[PDB]
Each structure stands twice: as C-alpha cells, then as structure tokens.
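K.L.:
Residue numbers (PDB author numbering): 1 to 68.
Here is the structure:
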C-alpha cells in the first residue's frame, strides 16, 4: 500500500492526485510532521497522567509510536 502517504485527500502536504507527498516533504500528516516534514525526536506525542512514561517522537517517525 505504498500509494498513499497521507490519510486526508485534501491535505496540502500530500498530493491528492497520487495521494502521496508532493513537495520536498517527509510526511503528509502525523503528530510529528511540521511543514510536512518529520519533526524531531524527544517530541512528546502523548503525556500519560498517573505514573507512566512520556511518549516522544524519534525524530524520524511522523506518527507517534509507543513503548511496548
């Protein structure tokens, strides 16, 4: 399924014609995609309340991963 880089067909970061990144971007969408490019690692994507660890982007992943 390497034909869609974004989920929304109206996202500007990804081309709707091919449904994939259009300009020199690294990601069309994601909790860590600034300017359509992968943000940086150590990026808190989800802060768990209570006594859990903080999830942070790895700088190379646009979507926020997990710690399992």
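Beta carbons: idealized from backbone N, C-alpha and C, even for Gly.
Excluding the 5 residues flanking residue 25 on each side, which residues of the same chain have their C-beta closer than 6 Å to its C-beta?
P.N.:
13, 36 and 37.
K.L.:
Which whole-angstrom value is the C-beta distance of residue 7 and residue 32, which I expect to be below 8 Å?
P.N.:
Between residue 32 and residue 7 the Cβ distance is about 15 Å, and since that is not below 8 Å, they are no contact.
K.L.:
Please report the residue range of the beta strand (DSSP E) in which residue 71 lies.
P.N.:
As displayed, the chain neither begins before 1 nor continues past 68, which places residue 71 out of reach and without an answer.
K.L.:
According to DSSP, is residue 14 helix, strand or coil?
P.N.:
DSSP places residue 14 in strand when its eight states are reduced to three.
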